[PDB]
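Everything below concerns the one structure shown next.
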Amino acid sequence: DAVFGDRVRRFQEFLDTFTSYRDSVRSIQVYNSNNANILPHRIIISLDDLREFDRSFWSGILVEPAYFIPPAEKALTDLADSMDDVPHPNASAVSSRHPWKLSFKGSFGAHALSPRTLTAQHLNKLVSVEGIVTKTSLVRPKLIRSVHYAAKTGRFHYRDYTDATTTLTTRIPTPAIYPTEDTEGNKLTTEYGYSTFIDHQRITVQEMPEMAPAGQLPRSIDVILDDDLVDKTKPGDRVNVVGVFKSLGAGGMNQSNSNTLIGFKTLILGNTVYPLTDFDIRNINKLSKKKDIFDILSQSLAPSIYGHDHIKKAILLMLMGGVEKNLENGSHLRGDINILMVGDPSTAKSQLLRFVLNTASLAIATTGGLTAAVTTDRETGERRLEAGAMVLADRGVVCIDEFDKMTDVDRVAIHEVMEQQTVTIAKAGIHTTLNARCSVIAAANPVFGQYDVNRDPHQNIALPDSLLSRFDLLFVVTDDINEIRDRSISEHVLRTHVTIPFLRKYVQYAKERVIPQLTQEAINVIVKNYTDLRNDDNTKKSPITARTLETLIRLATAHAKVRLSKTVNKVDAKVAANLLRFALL
Amino acid sequence: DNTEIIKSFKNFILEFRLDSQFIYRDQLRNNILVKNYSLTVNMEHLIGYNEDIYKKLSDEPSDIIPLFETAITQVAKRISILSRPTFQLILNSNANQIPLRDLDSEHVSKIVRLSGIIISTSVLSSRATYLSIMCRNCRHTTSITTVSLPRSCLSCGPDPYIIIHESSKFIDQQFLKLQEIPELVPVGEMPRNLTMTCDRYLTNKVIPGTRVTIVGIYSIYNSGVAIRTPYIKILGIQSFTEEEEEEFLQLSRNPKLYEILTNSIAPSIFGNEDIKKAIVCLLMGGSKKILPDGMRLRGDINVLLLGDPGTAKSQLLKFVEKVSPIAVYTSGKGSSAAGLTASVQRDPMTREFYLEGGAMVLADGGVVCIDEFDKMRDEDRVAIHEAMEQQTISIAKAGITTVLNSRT
Amino acid sequence: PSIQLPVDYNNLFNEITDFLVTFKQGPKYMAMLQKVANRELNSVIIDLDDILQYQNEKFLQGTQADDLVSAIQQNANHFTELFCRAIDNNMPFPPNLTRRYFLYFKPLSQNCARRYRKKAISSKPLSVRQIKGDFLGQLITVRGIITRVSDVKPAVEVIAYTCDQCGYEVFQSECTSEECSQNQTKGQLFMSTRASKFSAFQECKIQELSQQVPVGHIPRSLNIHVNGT
Ligand SMILES: Nc1ncnc2c1ncn2[C@@H]1O[C@H](COP(=O)(O)OP(=O)(O)O)[C@@H](O)[C@H]1O
Ligand SMILES: [Zn+2]
Ligand SMILES: [Zn+2]
């Protein structure tokens, strides 16, 4: 109709009045011509610019996409096809026939929704949905335009097709298969090389648990993606997706089918996918030179816990971490540090773990699929692996609660994670190796509930010694009551009846830019302390092995990172030795 | 004829006055300003305003409630035009409620009032409310507002019309399961369940375990020779005498109230004063508090009787189950985690999977009595740990995960 | 609706005939067709390197030439039938229903393409993940590891019948021959299994190797169908 052409010309005027779009289109065209990889035929439209250009057209796109978006697509495709002559001898007949797709950015107005807030009132509108990608379907190509040759007539033919998903407006569907005869009735010669196909995939978006109330099942909605968006995401991705929420089929309206339970099927036609200072650095570097900066940073950690300075120091050093190395023989050296907590259950382990999980930027909570060696199947039957916490926490930290309750399979899997920082997957038809370079912090509790302070955790918790030896530091806490100190710490609870934003930047910068190496200063200290510990036959929390020396080196490197020094010094080794002696007592 | 009914509704909305104010007109105007297309009509005002339309509604509401919807929509649109979608009818009433067990084949299509506890709720479903259709043979278009598509064109062959999706409107609907209070169920009987349906603004207002008061229409639908499944069109959900208040205040004013109540707990048993007072404290229960971080302090008091056999320990629980207004009694041996706690089960009436509450979910806001607690399985105990300490139940079954609260 | 394309099958078929007649090893493919006519060989293999060499020879001689290799690569489904048609008329009931020989194309070699200053994108050993929808109907070379092979299965191309009323052989319940169409009485058809065109068929699946998989992904697979010799 004439309105379609009017809106096509209106979108052409929009494109011309802001040359910042069609100049990017020209740059894409030039880049594609130079490569005779190809950039996609997609541009992003600012919703505010469209609002300030034509309020009616922008409101139509938001509220009545079926009558406004296809004109805009036609206008953009015409502008792209008319801006150059396409002098390609053969590519002009195939590659130039792909329509151009639109994307939107800016303020969405009231169309900022979640899979729970998304309701039937929002149907037939362009809306933006925030959620998590639970799973993705299998990718298949889809026929768009068929080209064929009529040998008997000596000239070619073509045919187009429509589908309820790709067509925003309800055009007449075309269920016809690839034609064998044309209007002239002569048998057709198939031209696959000049036919057009577009890939397609379906994904499911579910509301984030961060806002989900209890007592109800989670809300999910399906999104359709095509062409360049077909394989851009993976399951478990936080995503902000803009698309047209559209219904399909019929809810028993045909024949009688008067069942009350039957409802109409709905989904979203996705078109845009958004997967989810120097002053501070200089202040960090200046603060690093103060003698008390380490203690200040330790006291900033865990403000809800009184005392436990050594545990806070260990947490800070573990966050700082060591330095990995590579050798000419192909060997690799572990740098990260692990911490284990033991003692009575409710005593301060939960609070410290909560602080660590909330403070760290890449902290993942675990408790008794962490092995990342299990497959999840799609609706069509095919299956894909799902990521595990030990693998996702690469270059991060793992927080474990009720570590004693984990299974033996988890233990035998985490042995390699803690030792070689890798995971060796060996299953029926699936074999792969994944990096697991993650720091581990865990809490465990005795069976009796009350820790026997006279004995090691090897009898209080009875975990395997090989598993325990993979933790660089161990701490035991138990509520040994001193009435005045308990009163002082519990007055804050009774009242209920360095800033963290800067500290996180401090840790980030220190781990990002500082890579300390060893120095002759620490060599003699390490050798002497290790020899003394070996010579010390008195009872200790754990025997002295080379893993203790590795822990000493890692702690020295972490302390150097706290000092942001690229070369270790004697003070780092002394602090590491003092901390290790404290942990062993 | 129905124009008189519409005019009467228009008067009852615009011109009815109570407390020297146009309460209905003002509340509808406030809803329009809030943009809530629903009107809460009180039946007690309707009976006092006009008895004939009340008789018609009570006897044959089948045409009255379409008239209600259209009249309210028209009046609200007039009010919006004066100040600057189909409005939903909501009914509030206080008349006597018929017992669920007394529902029969005589109350068909009659508006009734009920009370009970919600045990299961379904997911939302989208239902059509306004359609525009086109003939595939000749592209003739028309609009349609159980509904079925026309068999012949108005201008084409049988069933020529197809639905224009981008020019139609749809609404939400939810399916609910109601059952009578187990405290009102004599022993030897399973409480009767009842299917209820709500749409638009009445959806998602309740969760399993919620005790509600219902105003709705008793009706049946086809899903046994001729066993047609009954279902309720929800119209309104709500969830002591002055002399009783004075009597209980005097009871509170009694200088020996605590000892009187202590003796009142199982007077047919001797001694055991300490456990009697502890059970009294359990019956009253603690006070809820909320941390500034959003966590809730469990106010329930949980007591373990751990004495020698034959010390009236079972009799105390059996007496509390009589006394507590909300009480559930079950043996440890005859129960399971899927039965004590919530579970996901498929509803055969609507052919959909439903989240269904358990025994402890039913005891929300009350007391549960359990015996032979040492004889239940450890998984059940693990679930009971969550129920006791977090007042929540975590469900991970089939391919769905959810968390449901239980203040038991 | 009618459209126009620069492809001309008349020139391509004439070039195919000229290449068959002229390309020396006598001509190689003429010798192959002589061996087939001698009933020594069951299948014919077409080498795209020979076609490219002939095209380059025509280019250096200054004669007319069209990129026949690219045309075959783009629409191999029809060019296989074109080569079969050329052989059926140049080798020393509808013919296609009675043919029992097979034809296949072998890919270009990278050294040959680089030697003739051309890019052989189709023969590049790409993985199954990199095959987009644009390659549908195109002759491509895939590098991978086979993970599943099915045993030989029957695959009838044309089902044969015989009619008692007329005795004609019918190829695809009621006889469609001219004699029975003209006559009021029709002989019921029965499946002549021994006359049906059986073809040897196996189902094969190829999968990406470990070094081809992206980070954290699963190696994808593709279905390979093998027919004939
Ligand atoms: N102080 C008491 N006064 C009256 N009856 C008592 C008392 N103590 C026990 N009984 C009797 O004991 C019985 C309850 O025993 P019960 O607690 O059920 O046994 P068990 O502890 O094995 O469950 C009742 O019949 C009750 O009459
Ligand atoms: Zn018609
Ligand atoms: Zn015959």
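Grab the helices (runs of 4 or more DSSP H) fully contained in region A:1-60, keeping just those with 3 or more residues being under 16 Å from A:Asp81 (Cβ atoms). If you could, list the steps in order and put the result at the bottom.
Details: elements: A:2-17, A:19-34, A:47-53.
Per the criteria, A:2-17, A:19-34.
Sort through A:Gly193, A:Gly243 and tell me the only one that's within 14 Å of chain C (Cβ to nearest Cβ) and buried (at least 21 other Cβ atoms within 10 Å of the Cβ). Break it down stepwise before answering.
On the way: A:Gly243 fails: within 14 Å of chain C (Cβ to nearest Cβ).
Result of the check over A:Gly193, A:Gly243: A:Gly193.
Give region A:150-166 a look and list any residue that's within 21 Å of A:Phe197 (Cβ to Cβ) and within 12 Å of chain C (Cβ to nearest Cβ), or say none.
Quick first cut of region A:150-166, residues within 21 Å of A:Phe197 (Cβ to Cβ) only: A:156-166.
Matches in region A:150-166: A:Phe156, A:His157, A:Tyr158, A:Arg159, A:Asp160.
Do any residues in region C:178-189 that are more than 14 Å from chain A (Cβ to nearest Cβ) and closer than 14 Å to C:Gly167 by Cβ have Cβ atoms under 6 Å from those of residues that are near ligand 3 (Cβ under 9 Å from one of its atoms) and of a type in the set (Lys, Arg), where the two are at least six apart or on different chains, and which pairs are they?
As it stands, the answer is C:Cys180/C:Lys186, since those pairs meet every condition given.
Please specify each residue of region B:52-105 satisfying the condition of being part of a loop (DSSP other than H, G, I, E, B) and of a type in the set (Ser, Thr, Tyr). Working first, answer last.
Going through region B:52-105, the residues part of a loop (DSSP other than H, G, I, E, B) turn out to be B:60, B:84-87, B:93-99, B:103-105.
Matches in region B:52-105: B:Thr86, B:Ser93, B:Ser105.
What are the residue pairs meeting all of these: first residue in region B:154-170, first residue more than 8 Å from chain A (Cβ to nearest Cβ) and farther than 18 Å from A:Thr167 by Cβ, second residue among the β-branched types (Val, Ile, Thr) and part of a helix (DSSP H, G or I), Cβ atoms under 7 Å, and 6 or more apart or on different chains?
Nothing qualifies.
Please name all residue pairs, on different chains or six or more residues apart, with Cβ atoms under 7 Å, provided the first residue is in region C:157-171 and is closer than 18 Å to C:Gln182 by Cβ and among the aliphatic types (A, V, I, L, M) and the second residue is within 9 Å of ligand 3 (Cβ to nearest atom) and part of a loop (DSSP other than H, G, I, E, B).
C:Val170/C:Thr176; C:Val170/C:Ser177
Would you call A:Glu416 over 20 Å from the mean Cα position of the chain (by Cα), more than 14 Å from chain C (Cβ to nearest Cβ) and surrounded by fewer than 15 Cβ atoms within 10 Å (Cβ to Cβ)?
When the stated conditions are applied, A:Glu416 does not pass them.
Within region C:114-126, how many residues turn out to be outside any strand (DSSP E or B) and either within 14 Å of another protein chain (Cβ to nearest Cβ) or under 22 Å from the mean Cα position of the chain (by Cα) (or both)?
8
Return the residue satisfying two criteria in turn: it lies in region A:44-68 and is β-branched (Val, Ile, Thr) and crowded, with 16+ Cβ neighbours inside 10 Å, and of such residues it is nearest to A:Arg171 (Cα to Cα).
Here is the first cut: in region A:44-68, the residues β-branched (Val, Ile, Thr) are A:44-45, A:61, A:63.
Next, only the ones that are crowded, with 16+ Cβ neighbours inside 10 Å stay: A:45, A:61.
On the way: A:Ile45: 26, A:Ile61: 18 Å.
Applying the filter and picking the extreme gives A:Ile61.
Quick check on C:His225: is it under 28 Å from C:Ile45 (Cβ atoms) and either assigned to a loop (DSSP other than H, G, I, E, B) or away from ligand 1 (no atom under 16 Å from the Cβ) (or both)? Quick ask: steps written out before the conclusion?
Details: under 28 Å from C:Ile45 (Cβ atoms): yes; either assigned to a loop (DSSP other than H, G, I, E, B) or away from ligand 1 (no atom under 16 Å from the Cβ) (or both): yes.
Taking the combined requirement at face value, the residue satisfies it.
Is it true that A:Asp404 is among the acidic types (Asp, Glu), closer than 30 Å to A:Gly449 by Cα and more than 17 Å from the chain's Cα centre (by Cα)? Walk me through how you get there before you give the answer.
Values: among the acidic types (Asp, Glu): yes; closer than 30 Å to A:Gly449 by Cα: yes; more than 17 Å from the chain's Cα centre (by Cα): yes.
In short, yes.
Test C:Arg129 against the stated conditions and say whether it is more than 16 Å from ligand 3 (Cβ to nearest atom), basic (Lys, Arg) and in a helix (DSSP H, G or I).
On the way: more than 16 Å from ligand 3 (Cβ to nearest atom): yes; basic (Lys, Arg): yes; in a helix (DSSP H, G or I): yes.
It is true that C:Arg129 is more than 16 Å from ligand 3 (Cβ to nearest atom), basic (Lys, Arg) and in a helix (DSSP H, G or I).
Inspect region C:45-67 for any residue being closer than 27 Å to A:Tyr158 by Cα and either within 14 Å of chain A (Cβ to nearest Cβ) or surrounded by 16 or more Cβ atoms within 10 Å (Cβ to Cβ) (or both) and give the result as yes or no. Can you show your working first?
To start, the set of residues in region C:45-67 that are closer than 27 Å to A:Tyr158 by Cα comprises C:66-67.
Now restrict to residues that are either within 14 Å of chain A (Cβ to nearest Cβ) or surrounded by 16 or more Cβ atoms within 10 Å (Cβ to Cβ) (or both): C:66-67.
Yes, some residue in region C:45-67 is closer than 27 Å to A:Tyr158 by Cα and either within 14 Å of chain A (Cβ to nearest Cβ) or surrounded by 16 or more Cβ atoms within 10 Å (Cβ to Cβ) (or both).
Quick one: what pairs do we get from region A:535-547, first residue within 22 Å of A:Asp452 (Cα to Cα), second of a type in the set (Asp, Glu) and surrounded by 10 or more Cβ atoms within 10 Å (Cβ to Cβ), C-beta under 8 Å, 6+ apart or different chains?
From residues that are within 22 Å of A:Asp452 (Cα to Cα), the pairs are A:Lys541/A:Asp456; A:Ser542/A:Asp456.
Of everything in region A:246-267 that's surrounded by fewer than 19 Cβ atoms within 10 Å (Cβ to Cβ) and of a type in the set (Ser, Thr, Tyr), which residue is farthest from A:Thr119 (Cα to Cα)?
Only one residue fits best here, namely A:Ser256.
Filter region B:154-176 for residues that are surrounded by fewer than 17 Cβ atoms within 10 Å (Cβ to Cβ) and more than 22 Å from A:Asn124 (Cα to Cα); which is farthest from ligand 3 (Cβ to nearest atom)?
By that ranking, first place goes to B:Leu154.
Scan region A:320-337 residue by residue and report those that are surrounded by 13 or more Cβ atoms within 10 Å (Cβ to Cβ), of a type in the set (A, V, I, L, M, F, W, C) and not in a strand (DSSP E or B).
A:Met320, A:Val323, A:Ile337
What pairs come up if the first residue lies in region B:24-38 and is in a helix (DSSP H, G or I), the second is of a type in the set (D, E, K, R), and their beta carbons are under 8 Å apart, counting only those six or more places apart or on different chains?
B:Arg25/B:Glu15
Criterion first (within 10 Å of chain C (Cβ to nearest Cβ), within 26 Å of A:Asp226 (Cα to Cα) and not small (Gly, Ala, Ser)) does A:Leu138 satisfy it?
Working: within 10 Å of chain C (Cβ to nearest Cβ): yes; within 26 Å of A:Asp226 (Cα to Cα): yes; not small (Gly, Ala, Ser): yes.
Spelling it out, A:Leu138 is indeed within 10 Å of chain C (Cβ to nearest Cβ), within 26 Å of A:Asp226 (Cα to Cα) and not small (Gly, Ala, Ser).
Which residue out of B:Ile393, B:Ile370 is farther than 26 Å from A:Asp377 by Cα and either among the acidic types (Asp, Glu) or more than 10 Å from chain A (Cβ to nearest Cβ) (or both)?
Working: B:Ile393 fails: either among the acidic types (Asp, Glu) or more than 10 Å from chain A (Cβ to nearest Cβ) (or both).
That would be B:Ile370, the only listed residue that is farther than 26 Å from A:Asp377 by Cα and either among the acidic types (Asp, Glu) or more than 10 Å from chain A (Cβ to nearest Cβ) (or both).
A quick note on method: Cβ atoms are made from the backbone with ideal geometry, for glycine too, and the neighbour counts reach across all protein chains shown. Each value in this text was obtained by applying a stated rule to the coordinates, not by laboratory testing.
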